[PDB]
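Engineer: Chains as they are written, first to last, in full-length UniProt numbering: chain A, 74 to 139; chain B, 10 to 123; chain C, 33 to 121; chain D, 53 to 79, 92 to 103; chain E, 45 to 253; chain F, 39 to 672, 685 to 727; chain G, 84 to 183; chain H, 362 to 415; chain I, 94 to 155. Can you read through this structure? Questions will come right after.
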Ligand code: SF4
Ligand code: SF4
Ligand code: SF4
Ligand code: FES
Ligand code: NA
Ligand SMILES: [Zn+2]
């Protein structure tokens, strides 16, 4: 099940010749606490994405009960 | 309020009336061929009505130049239909079959919404 | 699942009766966990001495435009762009 | 210094089309340009 | 002295100015106006009837020899009474020059086809009829060239909605594609890109009445 | 006098002597850049952006302030003028705080647009890397106006406006040199009904709308010219819309009515249209609660009441009601035979006979020329601020003399208080009173009487005396008598044939009652017969809905094209910027539809068909944006005297979250003030 | 079809963007998009806008295409305004400014 | 690029620093630049032939 | 094996954030206005802490 998308971003540049320096040999890589582990492209799966509006509705309807 | 202009195809309403009838001839002759050469539900009598129905749309037209243009465009479609450049879909486009009726009465439109 | 009822940082969520949850029965609802409102709140303010200071996002040309802030008021002052807080004491 | 935009700028220097017939009145046969041997 | 400003080509400007007048004398009946554009390009504004004469003159005269017809652009301007303008871009290989001939027509009035002079305008005129609705009399066979068969209207008129009136979809009842009134998931979001401050003062007083 | 000759860019012009260079160039069509000059504020020469060359003069002359002198050759687009403008832009843009991405004015900013058009492209300010720019502390001016003073360019538009138009004199300039700052020395609230207009004067993003903060950008907006209805003045409006929502409301220029100003209640009602809104038809179940139901069900449920009512029907127009909806309500009730069609506001009996009895016969523009004004039971500073703005304009310029009859108030300018006694009005009419001499001498006297007083029981006598007195003061082409209305619905209703006063409907004891946008508390469920069916047709669920037996949702003024008649009599048309929410429909559509289920279809099925019915009842109502002169007209206590009472007067306003903050803010300051003392 | 002059932006002093007459169609319905919540509409002409030099041309264009039209009242040319500077410093008049 | 920042966007580093660069960047991207009224026909020797844009 | 590419390569989109963790985007909407395809939709609101931020940021990759 190897995919082109299993390559983590650490090595991604080195693998596409964007750089000649592997991640071990460079100290310019950041280590922020909010970085996330890699993931496949999940399509045709129960783990896939699905878009949704990110805004709560604007107009409030008058409540007769109170 | 009149102005001098260059004629399109005809010089008189009578000539324009003469041209329009010819377009009716050629279409009315052509319906039997269109039914055979197009895989469409409509029959000759139904189509021959559609020809009558639409020539009636432009019932109140008066300007000869406008009548010329309708006959220029009207003729262009016939050549595109005498030929089969127009595909099966395009011919049935004259009926708007997909669009379902929209009621006209006020109460129905109000309930259905704008 | 859990993700359906999770409320995003923008404050939106489909009601438990809303039909629009139907879209998630065969998929997931990624709600980001690194809420910016809390991470910036975590970073403590920077005490200064001068009356006005500048923040550029921290990395010059890779940061945001250089803006200057005036620290005369008591309350610690937020940068418009990065959200960092400054204070004079 | 001495870099005022009012000189360097080109947009504000374009003028409307010039009317050839009138601008004489207010003021070998001709050819569109120079002959070329396209043969 | 100033690198950013483009340098005008005076020698090419000089020839076009004089030859521009030359046309004005040879064709008084048709040439309404001759003007040298800011791009050092010559424009010859003719009456609607002088299309075939003027085009013939430029192609056949020794001095003109504008043998090569490059384009026929149509421009719609609802403000004007004769809203449709038609522009011919001609090239003269022997003299290495370009000239523009413009003419104006209404929605209905026909425009004399120039297939004769330059029969490269066989399709260009077909396009103009299709896109704008300008009819060309004496054309070999005028007919839509770009739009769909049975497409109603003329899309490039400024009075035509961008998205058109009807979309296409496939209807499995009818086993064919059907046309329905247009329905966009997201509207075309306009942007009001209008500057409140005039920037080009040279054109403020231009074109006196 | 005689036109003076002056040449701007070598084009001759004729100007009356005294005209400024800036105005003279306007006639040609040349717009000199400006920051401090504003057409409706006192002239100042702070910005120096308007500098312009003059042939044979030692130095540039400020166009805004220089009065034209004969023979001059002004040179707008010369090399010297261009260099001057570039210099000032290079000067203005040193200390501007580099905030365009986070600045509300972006895409709408004068400092941006004039920088492109005239300023230079580079920046010579090398000193960013050594000492930095300037940064100024922020000010807490109130809940309506956000304040980021670092962006101020010290144009003093705000200061001049607050001192001259609003007349508050709470804003000002402190310090000198670079350390100059604009704002209150001690933190205060800039409390004025006209406070919003500052947000439009400040050409940069220093002062800006707080409720609207960050909501959108200019280029996105689709502008929809409309009118305001929260106030009787009928000010023109441009409702900014983007993707089916009203973002803000801006003043549209209209010399005769609006004057580019706009009272706050109009400016901050856009929040009220997003709260407590009616979405679906609702019906009283047998238990007593309301449940939402479909339209076909609701109209049939109401239809049962109408048939069982048997002619004892009455209607009550509301505050935000529409002319077209009001006419439908009248026709529908006439088809049933009923004639009890009233409004909420009471009025002099028999007053609808003459159209001059309930209008500002002196047009809104006409007041600014006034010379002696008598305000009877009217606080125009709050009842209708845009009129007060005109009175102050006369007071500053035309040397207006003012007097009052009622409780002591402040109008934002000096005025005499004759006392609150009822008998005063007969004294002034009788000529015995001292101020009576003032009115009989002035060349443009006017008498303004609040519409509230006329509703009072005494009103008929009071309306008679002043309407009798005006005929003496009446001067060629001037109609002194003036009634000041407070509802956009009232004038239209009386103009169509409605009776006045909600008691015209209670006195009929109807078994069915229509509350068309009638959200005042004037009617109560006790006063109704115990067998009654209240049908409320409105936008916002409020006390009006709280009593209703069958609530039908209507559309608010931003989602319905409707005619409104402002106080002076101008008919004006709203346009729908936003689709109505939920299953809401236009007000007249319901009544037009409700006749079907009752059986008496109305003559019209489209707006144009409806409008022609108005064209037959009152021909002038069709001629939009016009006025028809009406010729002759044939202890006082006031509501709405405090600023606290100004914000909460309408259903839309009462539902506004913003106006809740303003009420708390005004109360907050008062609580703190007494605490310190 | 509404013939009108585009409204000047109150938040600016420039005017050269209101030097035309325009046509804009009725403001037909829009609704929230069920999937993503965008604004949706089935109103092709609602997107439309054309510019003209005078209402007479605008009416002429509207008649030639069969549209129903109505013209907003052309803004009357602004009355002359004095705008003198010296009056800001007046001896007995109220125009004297208390600020500067 | 040509120097004129009123036609061409300015450098990013200058955008973060100088006020004029930020205004021009803001306007060149939202509103774009104003081209003087006029018409032109330029053509080139595109590989297919003469490619022109009126 | 795959590539080669260059650091300028244009691919899938992503909203960065500051090293603090706070999102960089301030809902200036320049990106929306310049997008030739109008593929971007942004709705911004005054955040609880009072910072200019987006409550919506959608890209229609199709
Ligand atoms: S006022 Fe705002 S938009 Fe205008 S230049 Fe200043 S920061 Fe930029
Ligand atoms: S706050 Fe605004 S209006 Fe007042 S002086 Fe400063 S820039 Fe001018
Ligand atoms: S709105 Fe777009 S351009 Fe502006 S900060 Fe956010 S991502 Fe960048
Ligand atoms: S507009 Fe004249 S100095 Fe400001
Ligand atoms: Na402002
Ligand atoms: Zn920062």
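The C-beta atom is built at its ideal place from N, Cα and C for all residues, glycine as well.
In chain order, what are the residues with a CB under 6 Å from some non-hydrogen atom of ligand 3?
Structural biologist: Chain-ordered list of matching residues: I/118, I/119, I/120, I/121, I/122, I/123, I/124, I/135.
Engineer: Chain E partners of residue 102 of chain B, CB-CB under 7 Å?
Structural biologist: Along the second chain, read from residue 1 onward, the residue named residue 102 of chain B stands at position 93. Within 7 Å Cβ-Cβ: 194, 223.
Engineer: If you measure from the CB of residue 193 of chain F, is any heavy atom of ligand 2 nearer than 6 Å?
Structural biologist: For the purposes of this step, residue 193 of chain F is identified with residue 155 of the sixth chain, where counting begins at 1. The answer is yes for residue 193 of chain F.
Engineer: CB-CB under 8 Å to residue 98 of chain F, same chain, minus the five flanking residues each way: which ones, in chain order?
Structural biologist: Taking the first residue of the sixth chain as position 1, residue 98 of chain F is located at position 60. 89, 90, 91, 92, 118, 119, 122, listed in sequence order.
Engineer: Name the chain F residues that come within less than 8 Å of residue 137 of chain I, Cβ to Cβ?
Structural biologist: Within the ninth chain, residue 137 of chain I is the residue found at index 44, counting from 1. Within 8 Å Cβ-Cβ: 252, 253, 254.
Engineer: Let me check understanding here. Comparing Cα to Cα, which of F/149, F/353, F/78, F/160 lies closest to residue 376 of chain F?
Structural biologist: Position 338 of the sixth chain, counting from 1, holds the residue named residue 376 of chain F. Ranking the options by Cα distance to residue 376 of chain F, first place goes to F/353.
Engineer: How many angstroms separate the CA atom of residue 135 of chain F from the CA atom of residue 578 of chain F?
Structural biologist: For this step, residue 135 of chain F is matched to residue 97 along the sixth chain. For this step, residue 578 of chain F is matched to residue 540 along the sixth chain. In a straight line, the C-alpha of residue 135 of chain F is about 43 Å away from that of residue 578 of chain F.
Engineer: Between the alpha carbons of residue 39 of chain C and residue 126 of chain A, how many angstroms are there, rounded?
Structural biologist: For the purposes of this step, residue 39 of chain C is taken as the residue at position 7 of the third chain. For the purposes of this step, residue 126 of chain A is taken as the residue at position 53 of the first chain. Spanning the two alpha carbons is a distance of roughly 13 Å.
Engineer: Buried or exposed: where does residue 109 of chain F fall if 16 or more other Cβ atoms within 10 Å of its Cβ makes it buried?
Structural biologist: For this step, residue 109 of chain F is matched to residue 71 along the sixth chain. Residue 109 of chain F comes out exposed.
Engineer: Can you tell which of B/112, B/120, B/94, B/109 has the C-alpha that lies nearest to the C-alpha of residue 189 of chain E?
Structural biologist: Taking the first residue of the fifth chain as 1, we reach residue 189 of chain E at position 145. Closest by alpha carbon: B/94.
Engineer: Given this structure, state the Cα-to-Cα distance separating residue 106 of chain G from residue 203 of chain E, to the nearest angstrom.
Structural biologist: In the seventh chain, the residue the question calls residue 106 of chain G occupies position 23. In the fifth chain, the residue the question calls residue 203 of chain E occupies position 159. Near 10 Å, if we compare the C-alpha coordinates of residue 203 of chain E and residue 106 of chain G.
Engineer: Between the region 374–390 of chain F and the region 446–466 of chain F, are three or more C-beta pairs nearer than 8 Å?
Structural biologist: Too few Cβ pairs lie closer than 8 Å, so no.
Engineer: So, at 8 Å on beta carbons, what are the nonlocal neighbours of residue 664 of chain F in its own chain, with the 5 sequence-adjacent residues on each side left out?
Structural biologist: Along the sixth chain, read from residue 1 onward, the residue named residue 664 of chain F stands at position 626. Within the same chain, residue 664 of chain F has close Cβ partners 608, 609, 658.
Engineer: Sorry if obvious, but does the Cβ on residue 73 of chain F come closer than 6 Å to a heavy atom of ligand 4?
Structural biologist: Here residue 73 of chain F corresponds to residue number 35 of the sixth chain, with the count starting at 1. Yes, since a heavy atom of ligand 4 falls inside the 6 Å radius drawn around the Cβ of residue 73 of chain F.
Engineer: Please report the Cβ distance between residue 255 of chain E and residue 226 of chain E, rounded to the nearest whole angstrom; I am assuming they are in contact, meaning their Cβ atoms lie under 8 Å.
Structural biologist: Past the boundaries of the shown model lies residue 255 of chain E; chain E is included only from 45 to 253, so the question cannot be answered.
Engineer: So, is residue 82 of chain F buried or exposed, given that buried needs 16 or more other C-beta atoms within 10 angstroms?
Structural biologist: Position 44 of the sixth chain, counting from 1, holds the residue named residue 82 of chain F. It counts as buried.
Engineer: Determine the closest residue to residue 117 of chain G out of E/160, E/140, E/230, E/91, with distance taken between C-alpha atoms.
Structural biologist: On the seventh chain, residue 117 of chain G is found 34 positions in, with the first residue counted as 1. The shortest C-alpha separation from residue 117 of chain G is found at E/230.
Engineer: Who are the neighbours of residue 260 of chain F on chain E, taking C-beta pairs under 7 Å?
Structural biologist: Here the question's residue 260 of chain F lines up with position 222 in the sixth chain. Per Cβ cutoff of 7 Å: 234.
Engineer: Identify whether residue 132 of chain G lies in helix, strand or coil by the three-state DSSP scheme.
Structural biologist: Within the seventh chain, residue 132 of chain G is the residue found at index 49, counting from 1. If DSSP states are grouped into helix, strand and coil, residue 132 of chain G belongs with coil.
Engineer: Residue 98 of chain C versus chain H: which residues are under 8 Å apart at the beta carbon?
Structural biologist: Numbered from its first residue, the third chain carries residue 98 of chain C at position 66. Per Cβ cutoff of 8 Å: 377, 378.
Engineer: Check the Cβ-Cβ distances between residue 134 of chain G and every residue of chain F, and say whether any is below 7 Å.
Structural biologist: Numbered from 1 along the seventh chain, position 51 holds the residue referred to as residue 134 of chain G. No, residue 134 of chain G does not count as interfacial toward chain F.
Engineer: With burial defined as no fewer than 16 other Cβ atoms inside 10 Å of the residue's Cβ, what is the status of residue 41 of chain C: buried or exposed?
Structural biologist: As a first step, residue 41 of chain C must be located in the third chain, where it is residue number 9. Buried: at least 16 other Cβ atoms inside 10 Å.
Engineer: Is residue 246 of chain F close to ligand 5? I mean its beta-carbon at under 6 Å from any heavy atom of the ligand.
Structural biologist: Here residue 246 of chain F refers to the residue found at position 208 when the sixth chain is read from its first residue. It does: the Cβ of residue 246 of chain F is within 6 Å (strictly closer) of some heavy atom of ligand 5.
Engineer: Under three-state DSSP, which class holds residue 374 of chain H?
Structural biologist: Sequence index remark: in the eighth chain, residue 374 of chain H carries index 13 (1-based). Note: residue 374 of chain H maps to helix in three-state DSSP.
Engineer: Just the C-alpha distance for residue 559 of chain F and residue 357 of chain F, rounded to the nearest angstrom, thanks.
Structural biologist: Taking the first residue of the sixth chain as position 1, residue 559 of chain F is located at position 521. Taking the first residue of the sixth chain as position 1, residue 357 of chain F is located at position 319. Cα to Cα, the separation comes out at about 11 Å.
Engineer: When you compare only the Cα positions, how much space is there between residue 132 of chain F and residue 380 of chain H?
Structural biologist: Here residue 132 of chain F corresponds to residue number 94 of the sixth chain, with the count starting at 1. Here residue 380 of chain H corresponds to residue number 19 of the eighth chain, with the count starting at 1. The alpha-carbon atoms of residue 132 of chain F and residue 380 of chain H are separated by roughly 7 Å.
Engineer: Using the three-state DSSP reduction, which class does residue 215 of chain E fall into: helix, strand or coil?
Structural biologist: The sequence position of residue 215 of chain E within the fifth chain is 171, counting from 1. Three-state DSSP puts residue 215 of chain E in a strand.
Engineer: Hey, how far is the Cα of residue 149 of chain G from the Cα of residue 249 of chain E?
Structural biologist: Translated into positions along the seventh chain, residue 149 of chain G becomes position 66. Translated into positions along the fifth chain, residue 249 of chain E becomes position 205. Straight-line Cα distance between these residues: approximately 35 Å.
Engineer: Hey, would you say residue 525 of chain F sits closer than 7 Å to residue 399 of chain F, going by beta carbons?
Structural biologist: The residue you call residue 525 of chain F lines up with position 487 of the sixth chain. The residue you call residue 399 of chain F lines up with position 361 of the sixth chain. Cβ atoms of residue 525 of chain F and residue 399 of chain F: not closer than 7 Å.
Engineer: Which runs of the alpha helix (DSSP H) fall wholly inside the region 437–478 of chain F and span at least 4 residues, in chain order?
Structural biologist: Those alpha helix (DSSP H) runs which fall completely within the region 437–478 of chain F and span 4+ residues are 461–468.
Engineer: Could you tell me whether the Cβ atoms of residue 613 of chain F and residue 264 of chain F are closer together than 7 Å?
Structural biologist: In the sixth chain, the residue the question calls residue 613 of chain F occupies position 575. In the sixth chain, the residue the question calls residue 264 of chain F occupies position 226. Against a cut-off of 7 Å, the Cβ pair of residue 264 of chain F and residue 613 of chain F comes out as a contact.
Engineer: Taking only beta-carbon atoms, is residue 253 of chain E less than 7 Å away from chain F?
Structural biologist: Residue numbering aside, residue 253 of chain E sits at position 209 when the fifth chain is read from its first letter. Cβ-Cβ to chain F under 7 Å: no for residue 253 of chain E.
Engineer: Any chance the CB of residue 240 of chain F is under 6 Å from a heavy atom of ligand 5?
Structural biologist: Here residue 240 of chain F refers to the residue found at position 202 when the sixth chain is read from its first residue. Yes.
Engineer: From residue 93 of chain C to residue 109 of chain I, what does the alpha carbon distance come to, in whole angstroms?
Structural biologist: Here residue 93 of chain C refers to the residue found at position 61 when the third chain is read from its first residue. Here residue 109 of chain I refers to the residue found at position 16 when the ninth chain is read from its first residue. Residue 93 of chain C and residue 109 of chain I: Cα-Cα distance of roughly 15 Å.
Engineer: Using 8 Å as the threshold, is the region 423–438 of chain F in touch with the region 456–472 of chain F, meaning 3 or more CB pairs across them?
Structural biologist: As far as the Cβ criterion goes, the region 423–438 of chain F does not touch the region 456–472 of chain F, which means the pair count is below three.
Engineer: Put residue 87 of chain G into one of helix, strand or coil per three-state DSSP.
Structural biologist: Taking the first residue of the seventh chain as 1, we reach residue 87 of chain G at position 4. Residue 87 of chain G falls in the strand class under three-state DSSP.
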